[PDB]
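In case you want the letters, here they are:
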Amino acid sequence: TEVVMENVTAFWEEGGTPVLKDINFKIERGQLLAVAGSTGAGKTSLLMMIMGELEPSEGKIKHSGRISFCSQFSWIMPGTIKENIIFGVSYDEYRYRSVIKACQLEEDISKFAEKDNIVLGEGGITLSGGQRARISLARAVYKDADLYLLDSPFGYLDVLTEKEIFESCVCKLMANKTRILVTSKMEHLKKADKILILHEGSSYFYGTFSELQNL
Amino acid sequence: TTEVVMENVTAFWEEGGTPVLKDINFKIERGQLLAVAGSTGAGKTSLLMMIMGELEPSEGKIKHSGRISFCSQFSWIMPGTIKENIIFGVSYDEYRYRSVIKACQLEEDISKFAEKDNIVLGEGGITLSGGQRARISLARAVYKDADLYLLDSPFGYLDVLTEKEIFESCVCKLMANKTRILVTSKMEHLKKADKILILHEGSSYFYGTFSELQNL
Amino acid sequence: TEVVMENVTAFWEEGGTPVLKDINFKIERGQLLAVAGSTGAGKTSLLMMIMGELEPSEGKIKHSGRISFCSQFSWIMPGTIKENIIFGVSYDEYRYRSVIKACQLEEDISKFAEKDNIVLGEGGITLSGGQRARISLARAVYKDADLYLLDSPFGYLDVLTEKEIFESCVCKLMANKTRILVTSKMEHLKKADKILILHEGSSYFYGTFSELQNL
Amino acid sequence: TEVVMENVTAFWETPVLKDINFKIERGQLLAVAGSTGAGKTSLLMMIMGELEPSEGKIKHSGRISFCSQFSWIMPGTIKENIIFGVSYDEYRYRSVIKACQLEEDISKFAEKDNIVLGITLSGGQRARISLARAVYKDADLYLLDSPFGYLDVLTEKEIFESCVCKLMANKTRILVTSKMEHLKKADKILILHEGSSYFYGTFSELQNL
Amino acid sequence: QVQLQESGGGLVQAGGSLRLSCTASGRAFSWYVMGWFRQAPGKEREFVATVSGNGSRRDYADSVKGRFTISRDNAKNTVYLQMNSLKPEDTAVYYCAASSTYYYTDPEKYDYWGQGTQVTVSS
Amino acid sequence: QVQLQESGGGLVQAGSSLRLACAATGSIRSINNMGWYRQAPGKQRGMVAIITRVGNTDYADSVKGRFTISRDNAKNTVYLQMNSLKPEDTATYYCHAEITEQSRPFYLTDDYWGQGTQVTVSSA
Amino acid sequence: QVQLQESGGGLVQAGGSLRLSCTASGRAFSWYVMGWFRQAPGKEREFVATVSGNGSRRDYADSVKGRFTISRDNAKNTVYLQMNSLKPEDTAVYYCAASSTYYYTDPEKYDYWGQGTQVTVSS
Amino acid sequence: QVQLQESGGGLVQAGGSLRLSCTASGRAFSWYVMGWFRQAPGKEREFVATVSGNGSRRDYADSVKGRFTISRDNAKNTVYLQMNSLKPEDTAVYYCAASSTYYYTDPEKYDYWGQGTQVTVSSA
Amino acid sequence: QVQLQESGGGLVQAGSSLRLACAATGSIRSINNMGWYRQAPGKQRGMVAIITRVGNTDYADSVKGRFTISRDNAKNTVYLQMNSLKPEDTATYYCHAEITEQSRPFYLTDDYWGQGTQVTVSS
Amino acid sequence: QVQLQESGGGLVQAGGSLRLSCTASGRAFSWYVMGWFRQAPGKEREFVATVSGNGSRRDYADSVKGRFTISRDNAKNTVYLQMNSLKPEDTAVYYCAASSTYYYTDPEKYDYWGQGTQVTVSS
Amino acid sequence: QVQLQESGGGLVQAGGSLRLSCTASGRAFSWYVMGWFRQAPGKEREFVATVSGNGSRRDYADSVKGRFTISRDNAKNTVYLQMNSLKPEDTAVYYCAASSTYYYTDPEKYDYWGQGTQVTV
Ligand SMILES: Nc1ncnc2c1ncn2[C@@H]1O[C@H](COP(=O)(O)OP(=O)(O)OP(=O)(O)O)[C@@H](O)[C@H]1O
Ligand SMILES: Nc1ncnc2c1ncn2[C@@H]1O[C@H](COP(=O)(O)OP(=O)(O)OP(=O)(O)O)[C@@H](O)[C@H]1O
Ligand SMILES: Nc1ncnc2c1ncn2[C@@H]1O[C@H](COP(=O)(O)OP(=O)(O)OP(=O)(O)O)[C@@H](O)[C@H]1O
Ligand SMILES: Nc1ncnc2c1ncn2[C@@H]1O[C@H](COP(=O)(O)OP(=O)(O)OP(=O)(O)O)[C@@H](O)[C@H]1O
Ligand SMILES: OC[C@H]1O[C@](CO)(O[C@H]2O[C@H](CO)[C@@H](O)[C@H](O)[C@H]2O)[C@@H](O)[C@@H]1O
Ligand SMILES: OC[C@H]1O[C@](CO)(O[C@H]2O[C@H](CO)[C@@H](O)[C@H](O)[C@H]2O)[C@@H](O)[C@@H]1O
Ligand SMILES: OC[C@H]1O[C@](CO)(O[C@H]2O[C@H](CO)[C@@H](O)[C@H](O)[C@H]2O)[C@@H](O)[C@@H]1O
Ligand SMILES: [Mg+2]
Ligand SMILES: [Mg+2]
Ligand SMILES: [Mg+2]
Ligand SMILES: [Mg+2]
Ligand SMILES: [Mg+2]
Ligand SMILES: [Mg+2]
Ligand SMILES: [Mg+2]
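Residues numbered from 1 in each chain as written, not as in the entry; some residues may be left out. Chains lettered and ligands numbered in written order. Part of a larger assembly, values for the part shown. Heavy atoms only, no water. Residues with missing side-chain atoms left out of burial classes, pairs and counts.

Looking at the method and resolution fields of the entry, one finds X-ray crystallography and 2.99 Å.

Turning our attention to the arrangement of the chains. Highest in contacts among the 19 pairs of chains that touch are chains C and I. With no contact formed, the shortest span from any C-alpha in chain D to any C-alpha in chain F equals 11 Å. (Contact = heavy atoms within 4.5 Å.)

For the pair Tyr97 of chain B and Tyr143 of chain B, a centre-to-centre distance of 6.3 Å together with 85 degrees between the ring planes defines the contact as edge-to-face. In this pair, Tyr97 of chain B is assigned in helix 3 (residues 94-103) and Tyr143 of chain B in helix 5 (residues 130-143), connecting sequence segments 46 residues apart. Ring geometry for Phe154 of chain C and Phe166 of chain C: centres 6.4 Å apart, planes at 90 degrees, overall edge-to-face. Of the two residues, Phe154 of chain C sits in the loop between strand 8 (147-151) and helix 6 (159-173) while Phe166 of chain C sits in helix 6, which places them twelve residues apart along the sequence. Within the aromatic cluster, the residues linked to one another by ring pairs are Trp75 and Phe87 of chain A together with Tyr92, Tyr97 and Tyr143 of chain B. Above the plane of the ring of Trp113 of chain G lies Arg45 of chain G, whose end atom (NZ or CZ) is 4.2 Å from the centre. Directly above the ring of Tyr80 of chain J sits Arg19 of chain J, whose terminal nitrogen or CZ lies 4.5 Å from the centroid. (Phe/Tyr/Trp six-rings, centres within 6.5 Å; stacked < 30°, edge-to-face > 60°. Helix = DSSP H or I, 4+ residues; strand = E, 2+ residues; numbered from the N terminus. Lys NZ or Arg CZ within 6 Å of the ring centre and 35° of its normal.)

A few words on the pairing of strand 10 (residues 194-199) of chain A. Residues and elements named next belong to chain A. Bridge analysis of strand 3 (residues 32-37) against strand 10 gives five bridges, and the strand direction is parallel. Residue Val35 lies in a different strand from strand 10, and its bridge partner there is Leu196. In terms of strand pairing, strand 10 meets strand 11 (residues 202-207) through five bridges, oriented antiparallel. Within strand 11, the position partnered with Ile197 by the bridge is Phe205. (Pairing = 2+ DSSP bridges.)

Residue and element names in this part refer to chain I. Strand order in the open sheet formed by four strands is 1-3-8-7, with antiparallel pairing between adjacent strands. The sheet is open, and its two edges are formed by strand 1 (2-7) and strand 7 (67-72), each paired on a single side. Each adjacent strand pair in this sheet contributes to an overall mean axis angle of 15 degrees, direction not counted. The pairing of strand 7 with strand 8 (residues 77-82) spans six bridges and is classified as antiparallel. Its bridge partner being in strand 8, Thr68 is matched across the sheet by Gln81. (Axes fitted to C-alpha atoms, helices over the stretch in contact; angles between N-to-C directions.)

Right, let's get into the environment of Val96 of chain D. Within the fold, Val96 of chain D resides in helix 3 (residues 90-99). Those residues in contact with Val96 of chain D that lie beyond four places of it in its chain are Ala132, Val135, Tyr136 and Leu167 of chain D.

This part covers the interface of chain I and chain C. Contacts between the two partners involve 18 residues from chain I, matched on the other side by 22 residues from chain C. For the side of chain I that touches chain C, the secondary-structure elements that each account for two or more residues are strand 4 (28-39), strand 5 (46-52), strand 9 (91-101) and strand 10 (110-113) of chain I. Residue contributions to the side of chain I that touches chain C peak at four residues, all from strand 5 of chain I. Partitioning the side of chain I that touches chain C into residue classes produces seven nonpolar, six polar and five charged. (Nonpolar A, V, L, I, M, F, W, Y, C, P; charged D, E, K, R; others polar.)

A salt bridge links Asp108 of chain C to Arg134 of chain C, with the shortest nitrogen-to-oxygen separation between them at 2.8 Å. Of this pair, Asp108 of chain C sits in helix 4 (residues 106-111) while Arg134 of chain C sits in helix 5 (residues 129-142), and the two are 26 residues apart along the sequence. Across the pair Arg38 of chain J and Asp90 of chain J runs a salt bridge whose closest N-O atoms are separated by 3.0 Å. Linking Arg38 of chain J in strand 4 (residues 33-39) with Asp90 of chain J in the loop between strand 8 (78-83) and strand 9 (92-99), this pair joins segments that are 52 residues apart in sequence. Overlapping salt bridges, with partners in common, bring together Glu162 and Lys185 of chain C together with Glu98 and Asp111 of chain I in one network. (Salt bridge = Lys/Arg side-chain N within 4 Å of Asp/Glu carboxyl O.)

Right under this line is the structure:
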């Protein structure tokens, strides 16, 4: 019973159109919820609500405070690669090197003479979009939380890297942790425990992959 | 998102000396604003130090739900950029970040720099004003997502105009649903408080609502 | 009750030999548990399990989420000494200067003209093993947690400094916090509430100092 | 009549150089060969003035650019190292880099010549940057003490042909080298052995021995 | 400050498609909220679409909603406007502007402006 | 249904230019994130360049600046402009697309791949 | 190391006021616990007031409590002593000192010292 | 990226002891997983012992377990191999190698190698 | 049953070399950490060099590079190679070891100290 | 401020050859003047060969001249000693040392020393 | 850019001596031309002595020449004025000022000023 949403509705602006209308779902401990939908459906807004950045006008949200959020939009702080990944968290080599492996970063990092000690600027203009996205995801999965909110992390990644990361990181490395993935890929949806399809703030579908297949 | 309770709490900084806090009692409900007023040396910071566990009570009991963000009386800046100073090991969210800056009256100052939030702070890069330093320190504290916010005299080195804007848009609007303990002796601030604790030489001289304080 | 392990067994590699075999212990609030054993016994692995970095194959582990971990292997991030000690934790002068004093760092820091504002590199190559170990322990004790996991922090310290740190930091500064100290020293074991002795993944002894003395 | 040496002898503390004689005309290439410890570097130090002759006289125009046997690189960028304290001219700069086989190496970097040095380069890269710095300085006389020492034979061939021979073609040059490949292109050759001049003359005269 | 330069304008057949680009020269491009604005002959500058520095927030004028798409590349210091299914109403000079203040769609909050590009649609 | 058809490959000299094109045909509601990938003999398939619907592009370090990926959303075509070819670029080039079939009730994508294009760069 | 220089001393009538200043020349001023000490002629150096590096902790001698106030300006590398309602007892050479060790009021713990300023309270 | 040089080899009588050293010249030594490998005359390079960049993980070949000990000093950029109670089987050229990838005891995963040192254990 | 015995001390000239040795004798099951400490007259005892069972060494800033600590685990001996001796090095050198006695049931250590060796460096 | 470790020692028959290495761990290796020294049975440490920071200056003991060669690699922080045509006289413990001062061949000027390596020349 | 604070003022008998100090708080102290200025009651601020950032150039008012000496310590961010053989004419409030412009003795060219110290002779 890790994440629970009951008749939840919220608005970004008072008196406006609700960004999310009567949202219901229950994600059990260690399950994978896939959040699909059209552009502007309210997917990020739903994650913003779980984070407490969006307050519901009506309904109730229940979860344990330990949340790690991966943005759609990569952000890299000034400092080394290691500084960016480990961040506020303490350093454990097994966890660090396992996360690098899972997030397809080992080859890129080893290409540099200074390895993880290479200094990045702000925004990581030196790195590629994919390298930036991988560092951002690595940082998020390196944070030890009870819930992982991954908002479209594979957006600027090639299909081959995305396949490796989804299989070895989202599915293998984070297997026992409750996680919410914003994705509209069938390839990802097949591996989901439950699927939420949003369209214009409303829940168009909620159920298993087999239930979605039967439509 | 917490409950703050104190029952007949007394504590000493030095063994066998004078108690810094004598028989303190209060209950702050979820999302409420407690104003802590008093003369210099009253024991206000010491009360916050107790909530943080840095001060152990000799007698009494304290209850709260952890996840506390503390804003010091004395501004501190780490070497690095403005962004580095505000986010401080907390995951970055643009909306939350840019909203906190707006609320803490930092947007205009930051936009005055060509490098904006990427300007390097400390001796190496730049020297900010007391007010700029205080705003960055408050921004950092309000950026941290906690259940309880302990704001020890943050407006101390701020002008009355900026302080008015920050109190109204940050303390009252931005953090409206979060439990807050604000160390302030200003009536302007006290009128907006849910409960008020007035300390004098370690003792509680007043505890109640603004209307109760008005009736004195 | 703060930390409990009942019939806990775990493996690093599936189908291998278990790293920890049938581990049982209950550490009450504010108690000091000493974890002793030979090299390769599974001490670090036990702490890793408390962290969640090692998943048990069998058994149950219970504790409150607030954990501060001190590694066997000191790690230093690029930045100042102050930056390294307050690793994304709010700054309080009293706590900071009290932790420095307890961890025998004041004299070393005051030797430098720039004091705690001196810039360190990654791995603290500029500092001695002892200085690196002290900074790592300081960082860990500066973090306010309910449980402190101190994995062999005195390993690269001289017996005189270690005596001062154990007495003023582990025993005085952290006096009412639940602490798990990985140590094989009798001098440390005499001050422990409970003692766990590991040998090749197995619990060879579990009990009080008096019980250990009577063997 | 750019460089002249007459019965020159000197001591560092046995004399390091004993009765040295030579006359290098304007724009000529003098090759200085010899065994290890012969006094070749020491002869260049005397031309600089870092070594005072006990006997003899040395004549030349003050404009000298010296390339050390031992490559040295300053903490700045590649450009900062080559340009040093000299005013920047793009044509001269990019021409020197081409001649000294540095373009390919520099272009391998994303920052190009704006890369900061102490990145640790290869002995060859270090040697090329040191030679580039020396040839970038506009002088009347170029003293090149064993610059190709830590270079591969292929790069050395390219540098010798396009830099020493083509780029500096009309300038007076003293090249410390013991390679026949280099000696064939010399105007005059001085062979030193234990401070003494064992040979002085043209390549044809050396060939006839 | 930032210096903006738009490109991609011209003549198009109705229901057509056109893509506008805007490159910014200056520091901290990620700090600026980028916006596309159109000035119809005789009319005032109207807001078309906006992007937050991050790219996380995108807002469009009701008239262009579902047909126009605003995007950003902070590494390339560029902002784009993909204008699909164009109608003769969209004929205007398209301007690209930067705002140093967070989240407004009113052109009054935008300090830095480009030269503009003429975009004509005929039925 | 939906098919991806690459074209433009061949045997070229080093330094030559080449334009690969890959068009999506069939019942396509929308296409998201098309890209180009390459596989040299014996070695594994890897990215060359990727392009989002909006037009944001990413490149492999080896091709960045030399190759240019572009797309015509009207024609449902992705293009790889390959300039200053090196013998290191010799491989089989594959085209990828995240396509939503019209038949699908929701805006969900499926990964589609091309048959491959052989590009061979000779030193002489 | 820090070099300290006091100023503000002189002659005053009883019940009067005087403000002493002390500027520190050196690195990491904020690390030092600053203190004011007075040396009465033919008397040992006595502690007057101390301030932590942060300024968070201020301690005063019982004799001066309620009349003297210690303040700090880390940006200006200075420490001040406001001496109000002066008594003839306060006549002494006032010294400014820095301590690299946290929170002691004993002058034995202060390594760096200033030249001192004579303060004379008449009538 | 890292240049390795071993030392400490030689002749020893069985039951004896020998300590091998290996200094690494290059950046980010701590990134590399260091390993000791032996090549017997006629045989392939066999894994002996490995150490993670941190020094947190140490693994040994079954044959050397309990007799050999691998250690690291990141401050001195050195890796050591203490070989106690030597058998004539241990006669081989001992190589020191660095791996840029996490946790493998297979020599195929090690890119940088040293010159090697001959170790001879006389039965005599 | 367990004894630590230092040797190698004496009166030397400045610049001289010296090798101190300290052997553990008696019922030893194992030794974990070994170290050399020194105490000059009037001054307190402090570390010189320490060594782990595996051979990892740490040094005092004053001795690093000049002194070398080594150990023979077969001989249960720790050594201090003292080079380029200075008059400041004059002190009583103590040997320390974390020893597990053969009587001890588990791999638990006890701190053992040597009697000390006097090293005197003349000018 | 430099830790030195020698290697390459052992037994060899007369007329033979041996190459010694010495790696330095620490900052500014290029500042030091490196030297090889040997201590015979009963005798003092005698100078063998020296190399300047740069490698521009090499000096050898008269006894070893023409047979021994000193080399340096500042990129690898190592100094080497190639000992050709060895005589039984060369039997000694070979030490590698660093000097922070320019151009002295007397071992008294060398502050940092290595452990040493035994070299034995038979027949 | 720079915050200035003078000290050393007070009462002295004629023929006496007094030493004034002025510490500057801010960046690039060496860029500033430091100067001592006096303002007598009823009079305007008059120039007394000036020091270039380097300390290479020192200039004095004709009235004070041979009796007053201006000095600088860039490491201590201080400027000093040694006033020997004082006359009753020197009674004024002594100000310390910084100029970001090279070589002017006109107080109009000095932007940053201190509080001043009263000197009585
Ligand atoms: N921080 C915000 N403040 C105010 N309004 C917002 C904010 N974020 C989003 N909105 C509005 O609410 C809507 C929610 O869109 P949202 O980003 O949640 O959908 P989405 O599924 O995440 O879209 P996409 O797939 O593009 O990420 C948007 O149309 C936007 O205008
Ligand atoms: N960490 C500490 N250790 C010992 N005594 C302390 C400590 N902090 C404060 N004190 C003492 O307790 C009292 C300070 O109370 P405190 O500083 O909390 O009052 P305050 O209301 O915060 O004052 P101000 O308004 O100046 O901040 C003084 O007597 C001070 O010396
Ligand atoms: N991250 C890991 N992955 C796989 N195996 C590991 C890992 N960490 C340790 N091991 C292995 O599991 C065993 C447990 O060793 P561990 O690190 O717990 O040693 P310890 O005795 O607790 O600490 P120390 O050996 O330093 O005294 C060892 O045999 C080790 O090789
Ligand atoms: N600066 C110096 N001070 C004292 N003696 C020196 C100096 N430089 C060189 N010598 C000595 O003088 C001799 C001449 O060496 P020198 O370097 O001049 O030879 P060379 O002709 O340059 O050939 P090589 O370049 O191989 O050394 C050497 O044996 C050396 O020991
Ligand atoms: O702009 C309004 C602001 O309010 C939200 C909603 O809760 O979140 C704020 O609340 C926390 C306190 O719990 C603040 O510290 C945080 O900075 C705010 O973000 C969110 O919509 C908005 O950011
Ligand atoms: O100087 C004493 C120091 O100890 C207190 C005790 O409450 O607080 C510590 O609390 C934890 C131990 O659980 C430490 O890890 C933390 O760093 C200390 O703050 C407090 O009086 C003082 O800070
Ligand atoms: O392209 C030839 C190159 O030669 C010039 C001078 O003639 O510049 C060089 O000047 C002298 C040789 O004359 C060299 O010592 C110096 O390295 C060169 O820069 C000029 O035309 C060109 O740069
Ligand atoms: Mg979204
Ligand atoms: Mg307070
Ligand atoms: Mg930083
Ligand atoms: Mg361990
Ligand atoms: Mg941080
Ligand atoms: Mg030479
Ligand atoms: Mg220069």
